[PDB]
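Student: To start, I am sharing the structure in question, which I have written as structure tokens.
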Amino acid sequence: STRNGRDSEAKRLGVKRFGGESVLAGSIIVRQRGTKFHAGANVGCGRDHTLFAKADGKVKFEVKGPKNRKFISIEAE
Amino acid sequence: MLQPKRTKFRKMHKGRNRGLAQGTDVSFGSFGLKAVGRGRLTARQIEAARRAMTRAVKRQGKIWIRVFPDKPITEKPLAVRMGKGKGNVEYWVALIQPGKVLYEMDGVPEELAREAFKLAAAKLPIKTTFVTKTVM
Amino acid sequence: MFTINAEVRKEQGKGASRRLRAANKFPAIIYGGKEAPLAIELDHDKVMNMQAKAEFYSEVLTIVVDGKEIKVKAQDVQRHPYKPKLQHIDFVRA
Amino acid sequence: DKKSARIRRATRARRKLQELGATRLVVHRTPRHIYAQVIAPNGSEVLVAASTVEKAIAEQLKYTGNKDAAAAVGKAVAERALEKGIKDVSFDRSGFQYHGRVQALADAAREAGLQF
Amino acid sequence: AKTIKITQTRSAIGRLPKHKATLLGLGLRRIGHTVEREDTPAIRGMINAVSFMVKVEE
RNA sequence: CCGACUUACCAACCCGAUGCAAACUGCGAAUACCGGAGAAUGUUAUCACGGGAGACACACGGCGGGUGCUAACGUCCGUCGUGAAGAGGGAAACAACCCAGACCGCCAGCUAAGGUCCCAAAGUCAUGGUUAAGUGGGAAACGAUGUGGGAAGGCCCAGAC
RNA sequence: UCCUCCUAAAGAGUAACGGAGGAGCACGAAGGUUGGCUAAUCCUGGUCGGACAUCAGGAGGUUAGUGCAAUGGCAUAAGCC
RNA sequence: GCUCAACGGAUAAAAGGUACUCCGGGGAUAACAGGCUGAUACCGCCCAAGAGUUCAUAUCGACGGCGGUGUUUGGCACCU
RNA sequence: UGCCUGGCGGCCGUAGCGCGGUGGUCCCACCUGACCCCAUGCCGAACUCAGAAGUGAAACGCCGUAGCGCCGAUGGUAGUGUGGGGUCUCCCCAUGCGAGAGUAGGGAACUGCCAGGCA
Ligand SMILES: [Mg+2]
Ligand SMILES: [Mg+2]
Ligand SMILES: [Mg+2]
Ligand SMILES: [Mg+2]
Ligand SMILES: [Mg+2]
Ligand SMILES: [Mg+2]
Ligand SMILES: [Mg+2]
Ligand SMILES: [Mg+2]
Ligand SMILES: [Mg+2]
Ligand SMILES: [Mg+2]
Ligand SMILES: [Mg+2]
Ligand SMILES: [Mg+2]
Ligand SMILES: [Mg+2]
Ligand SMILES: [Mg+2]
Ligand SMILES: [Mg+2]
Ligand SMILES: [Mg+2]
Ligand SMILES: [Mg+2]
Ligand SMILES: [Mg+2]
Ligand SMILES: [Mg+2]
Ligand SMILES: [Mg+2]
């Protein structure tokens with residue numbers, strides 16, 4: 001009772017371009033909080049761990065790695 | 001009266017009670033009191049139904065209680081309007097689904113347990129039945 | 001010693017098994033590793049009574065499917081949550 | 001493990017050259033021999049490899065596994081690589097400190113036309 | 001190849017917005033309306049989606 | 001003094017078994033959403049720019065919930081439907097529930113929900129069972145040789161109740 | 001007014017005087033880069049020294065750590081020199 | 001250069017009494033009564049530890065459970 | 001062409017842990033010495049240099065082993081989209097999707113490009 005009723009604005013995170021979509025260079029793919037999806041081929045990683053395209057093509061999600069970590073990669077097709 | 005000590009969160013959502021129970025077998029003991037209905041069964045109806053059957057078997061035999069409340073149920077006071085915060089916790093209930101084996105006991109002849117479990121089933125809101133250990 | 005008659009199941013699923021269990025029959029399967037599993041249907045009242053014997057879970061039973069006899073052992077069982085009934089019996093090809 | 005620490009010492013440097021897509025010249029060093037091979041950006045197939053275990057290199061060398069022997073194989077890998085048209089490589093380290101035999105392995109190869 | 005006849009037997013008053021578009025895809029307009037469509041794994045997927053309003057004399 | 005004998009005791013960590021969790025997850029659907037291709041259907045149903053508005057008091061019902069007492073024709077959200085702004089038939093009467101969306105006329109026919117003994121249109125219809133209570137045509141724990149069906153069990157013509 | 005989790009119904013968003021906690025800063029290194037390193041907690045042995053200081057081996061493995069609340073993350077360390 | 005923190009910030013600059021009161025509106029919103037609900041209250045029942053010298057049910061009845069009426073204190077704000 | 005050893009990957013526990021055995025011609029590891037290039041918030045222990053006396057003990061690779069880790073059916077169960085129904089704070093019917101846990105079982109990897117030794 002009382003001493004509550006506070007919350008913050010939703011940050012609108014999540015995947016913006018799902019698999020198989022054609023992106024242009026520099027377009028945000030996922031907005032993250034940690035690094036849930038790591039940077040694969042032809043994608044970057046901003047200071048918020050935002051994954052952005054680096055050369056236009058089709059997005060592709062992968063599970064490469066000894067630790068089974070999700071990698072987002074782009075094929076220039 | 002059964003009640004958790006040092007629980008993570010003081011007040012809990014109401015939630016719903018759908019499905020069939022998990023502990024449907026007599027494992028620790030030999031004869032059990034299996035629930036047939038549905039509905040929350042509080043912490044005083046457990047002790048009131050326990051004394052009734054640790055006394056109908058004198059004091060001999062083992063008795064197992066296979067439920068625990070761990071669910072705080074609040075209650076708004078009297079003459080208080082609605083809103084202005086969730087009410088304070090008053091008692092603890094254990095959600096029961098049809099199939100839960102509530103009590104079981106061992107070390108007694110069957111006809112003594114079948115009567116002791118009858119004097120405990122009269123203190124419980126939900127319907128109950130007498131079930132016996134099976135080979136599986 | 002118990003010999004139980006059974007028949008193969010024409011259709012399988014959820015609505016095709018609750019349809020059986022409303023006709024006093026319940027499904028069961030026989031699997032033995034090196035052979036294809038055999039899903040069968042069999043009566044309820046004739047096997048719920050016979051399971052009351054403690055020996056049902058210790059000896060090598062016999063199932064008569066399409067004339068031939070299969071020697072099996074009761075591996076597992078599923079019971080109704082609050083009724084003296086059955087839902088499934090797992091038979092291993094002993 | 002004295003080798004698992006080294007293999008995880010060079011992982012960050014190794015995995016950047018996979019991301020850059022640049023041909024790398026990995027180096028392996030032992031208390032007796034020293035190897036050096038050129039590995040394509042693919043990372044699964046090699047192009048040029050020179051080492052101190054070959055009879056055509058160790059036969060005119062006093063002792064394999066010292067600075068002047070490293071300069072003998074650093075010269076070799078640079079001639080083979082330039083012969084097939086590879087000129088722009090990057091130097092891997094494999095966890096060895098760039099101070100001793102590896103430095104002379106890199107310095108000699110650098111002096112023979114290789115660019116890194 | 002072989003055409004298929006679909007007739008609507010129920011109203012589309014309170015149906016979900018997805019079942020109102022499926023009728024538009026099939027081309028049915030009112031109760032008792034009959035249309036002759038081409039048989040196809042995509043057309044037969046329309047019928048299954050609204051297989052409580054339409055009745056097919058295949 | 002060391003502990004030297006002891007204790008009808010409490011008891012952490014682990015081991016086997018049994019449960020619970022919106023703020024637990026070594027698992028994990030159905031749907032929903034995003035993108036690509038392809039038929040068919042729809043008077044472009046889509047988007048962009050411009051002229052004119054109204055509206056920002058919503059209600060009930062189904063499903064997922066928070067609050068409440070899993071109380072309210074209570075209150076706050078998500079999605080669908082209806083009323084608002086929709087007449088007609090049904091639920092006796094009954095904005096919201098079920099069927100169904102009225103351009104006009106006809107002393108023409110077929111149906112939906114719901115019904116066919118009279119009020120009041122249509123089966124005092126056909127075959128087989130159940131109920132003796134006016135149950136049908138309000139309500140629980142619990143109690144009982146009411147009655148139909150089913151699988152077994154015990155004793156019994158060396159004679160059972 | 002701002003931040004974090006749940007309610008929020010597995011894309012985004014989503015209310016109540018619903019359930020729980022925080023902020024109005026810090027840092028000239030606590031930033032850049034290069035080189036190097038791996039924790040908690042238990043066992044044994046040991047001088048003061050004890051259940052817990054420091055030392056040596058073993059298990060364990062990130063159950064530690066992150067300037068500050070919570071969530072996501074982190075070994076190629078985003079943790080420690 | 002602003003706890004313009006009432007934090008999209010009415011002024012650089014601001015508290016109260018009115019039962020002596022007044023105007024425009026609202027059953028969009030309270031007091032009375034009605035309405036829906038029945039937490040609470042009143043009435044009844046179920047199991048029976050026990051009291052009753054013996055003896056649970058002559059009379060009461062613990063720890064618990066299930067309902068009825070719409071008589072109380074309330075909840076909601078549908079009518080005025 | 002086969003066997004063994006070294007480097008770099010694909011692949012990620014059916015691939016890892018434990019237990020037993022086995023390998024030194026070459027490769028590898030331990031190893032000798034340290035004034036020197038270089039380093040210890042002390043210590044050549046680690047890093048580094050100069051080499052070969054010795055060993056395969058430790059480590060590593062290889063072979064066997066299920067004692068763990070791990071993978072995992074078929075059948076049934078739960079849940080759920082759409083449409084109906086009930087004595088509708090919970091369920092049933094038609095139809096489509098269909099887990100989790102568990103059972104039978106599988107299992108101590110597979111593979112590519114180079115460079116050495118041996119046959
Ligand atoms: Mg407004
Ligand atoms: Mg509003
Ligand atoms: Mg609203
Ligand atoms: Mg309302
Ligand atoms: Mg109407
Ligand atoms: Mg009427
Ligand atoms: Mg019209
Ligand atoms: Mg008539
Ligand atoms: Mg009546
Ligand atoms: Mg969301
Ligand atoms: Mg959603
Ligand atoms: Mg920092
Ligand atoms: Mg670094
Ligand atoms: Mg840093
Ligand atoms: Mg404001
Ligand atoms: Mg203002
Ligand atoms: Mg006066
Ligand atoms: Mg006035
Ligand atoms: Mg009003
Ligand atoms: Mg209102």
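Student: Of all residues being within 15 Å of B:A120 (Cβ to Cβ) and part of a loop (DSSP other than H, G, I, E, B) in the stretch B:3-36, which is farthest from RNA strand H (Cβ to nearest atom)? Just the residue, please.
Tutor: Narrowing the stretch B:3-36 to residues within 15 Å of B:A120 (Cβ to Cβ): B:29, B:31-36.
Pick out the ones that are also part of a loop (DSSP other than H, G, I, E, B) and you get B:29, B:36.
Details: B:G29: 22, B:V36: 14 Å.
It comes out as B:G29.
Student: So in the stretch C:36-47, with the set limited to residues that are of a type in the set (A, V, I, L, M, F, W, C), farther than 13 Å from C:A74 by Cβ and surrounded by 15 or more Cβ atoms within 10 Å (Cβ to Cβ), which one is farthest from the other protein chains (Cβ to nearest Cβ)?
Tutor: Checked the stretch C:36-47; the qualifying residue farthest from the other protein chains (Cβ to nearest Cβ) is C:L38.
Rundown of residues vs (1) on the phi > 0 side of the Ramachandran plot; (2) within 16 Å of RNA strand H (Cβ to nearest atom), yes/no style:
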residue: A:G5; (1), (2): yes, yes
residue: A:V15; (1), (2): no, no
residue: A:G20; (1), (2): yes, no
residue: A:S27; (1), (2): no, no
residue: A:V30; (1), (2): no, no
residue: A:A41; (1), (2): no, no
residue: A:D56; (1), (2): no, no
residue: A:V63; (1), (2): no, no
residue: A:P66; (1), (2): no, no
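Student: Let me ask you something else. Pull out all pairs, ordered by first then second residue, where Cβ-Cβ is under 7 Å, the residues are six or more apart or on different chains, the first lies in the stretch A:13-32 and is surrounded by 13 or more Cβ atoms within 10 Å (Cβ to Cβ), and the second is of a type in the set (S, T, Y).
Tutor: A:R17/A:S27; A:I28/A:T50; A:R31/A:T50; A:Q32/A:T50
Student: For the stretch D:86-102, name all the residues that are small (G, A, S), in a loop (DSSP other than H, G, I, E, B) and either touching a strand residue (DSSP E or B) at 6+ places or on another chain (Cβ under 9 Å) or on the phi < 0 side of the Ramachandran plot (or both). Give the steps one after another, and end with the answer.
Tutor: Restricting attention to the stretch D:86-102, the residues satisfying the condition of being small (G, A, S) are D:90, D:94-95, D:100.
Remaining after also requiring in a loop (DSSP other than H, G, I, E, B): D:94-95, D:100.
Once the filter is applied, which keeps residues that are small (G, A, S), in a loop (DSSP other than H, G, I, E, B) and either touching a strand residue (DSSP E or B) at 6+ places or on another chain (Cβ under 9 Å) or on the phi < 0 side of the Ramachandran plot (or both), the stretch D:86-102 yields D:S94, D:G100.
Student: Continuing with the same structure: Pull up the stretch B:78-116, narrow it to residues that are closer than 22 Å to B:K62 by Cβ and within 16 Å of RNA strand I (Cβ to nearest atom), then point me to the one that is farthest from the other protein chains (Cβ to nearest Cβ).
Tutor: Result: B:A94.
Student: Within the stretch B:16-39, can you find the residues that are near RNA strand I (Cβ under 9 Å from one of its atoms) and either within 19 Å of B:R50 (Cα to Cα) or out of contact with any strand residue (DSSP E or B) (no Cβ under 8 Å at 6 or more places or on another chain) (or both)?
Tutor: B:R16, B:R18, B:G19, B:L20, B:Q22, B:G39
Student: Moving to a separate point now. Got at least one residue in the stretch B:77-86 being surrounded by 13 or more Cβ atoms within 10 Å (Cβ to Cβ) and hydrophobic (A, V, I, L, M, F, W, C)?
Tutor: no
Student: Yes or no: the stretch B:100-116 includes at least one residue that is under 12 Å from the mean Cα position of the chain (by Cα), among the hydrophobic types (A, V, I, L, M, F, W, C) and assigned to a loop (DSSP other than H, G, I, E, B).
Tutor: no
Student: Further question: Would the stretch B:83-91 turn up any residue that is among the hydroxyl-bearing types (S, T, Y) and over 17 Å from B:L112 (Cβ atoms)?
Tutor: yes
Student: Further question on the same structure: Give me a count of the residues in the stretch B:126-136 that are farther than 13 Å from B:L102 by Cα, more than 10 Å from chain C (Cβ to nearest Cβ) and either within 16 Å of the chain's Cα centre (by Cα) or of a type in the set (A, V, I, L, M) (or both).
Tutor: 0
Student: For the stretch B:6-26: of the residues being surrounded by 11 or more Cβ atoms within 10 Å (Cβ to Cβ) and either away from chain C (no Cβ under 14 Å) or within 16 Å of RNA strand G (Cβ to nearest atom) (or both), which is nearest to the chain's Cα centre (by Cα)?
Tutor: The initial filter retains those residues of the stretch B:6-26 that are surrounded by 11 or more Cβ atoms within 10 Å (Cβ to Cβ), namely B:7, B:11-12, B:17, B:19-26.
This time we only want the ones that are either away from chain C (no Cβ under 14 Å) or within 16 Å of RNA strand G (Cβ to nearest atom) (or both), so: B:7, B:11-12, B:17.
Values: B:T7: 19, B:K11: 20, B:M12: 19, B:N17: 15 Å.
The extreme case among them is B:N17.
Student: Select from the stretch B:31-52 the residues that are more than 9 Å from RNA strand F (Cβ to nearest atom), buried (at least 16 other Cβ atoms within 10 Å of the Cβ) and either more than 10 Å from chain C (Cβ to nearest Cβ) or of a type in the set (F, W, Y) (or both) and list them in ascending order.
Tutor: B:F31, B:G32, B:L33, B:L41, B:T42, B:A43, B:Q45, B:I46, B:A49, B:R50, B:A52
Student: Condition first: assigned to a loop (DSSP other than H, G, I, E, B) and polar (S, T, N, Q). Now tell me which residues in the stretch A:6-26 satisfy that. I'd like the intermediate steps shown before the answer.
Tutor: Within the stretch A:6-26, the subset assigned to a loop (DSSP other than H, G, I, E, B) is A:6-13, A:16-21, A:24-26.
The answer is A:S8, and nothing else.
Student: Hey, can you tell me all the residues within the stretch C:55-94 that are assigned to a loop (DSSP other than H, G, I, E, B), surrounded by fewer than 16 Cβ atoms within 10 Å (Cβ to Cβ) and within 11 Å of chain B (Cβ to nearest Cβ)?
Tutor: Going through the stretch C:55-94, the residues assigned to a loop (DSSP other than H, G, I, E, B) turn out to be C:58-60, C:66-67, C:80-85, C:93-94.
Narrowing further to those that are surrounded by fewer than 16 Cβ atoms within 10 Å (Cβ to Cβ): C:58-60, C:66-67, C:80, C:83-85, C:94.
Matches in the stretch C:55-94: C:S58, C:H80, C:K83, C:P84.
Student: Using beta carbons and a limit of 7 Å, which pairs, at least six apart or on different chains, have the first residue in the stretch A:38-60 and hydroxyl-bearing (S, T, Y) and the second one part of a loop (DSSP other than H, G, I, E, B)?
Tutor: Within 7 Å, the pairs are A:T50/A:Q32.
Values in this text are rule-based calculations from the coordinates and carry no lab data. Neighbour counts are summed over all protein chains in view; Cβ atoms, including those assigned to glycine, are modelled from backbone coordinates with ideal geometry.
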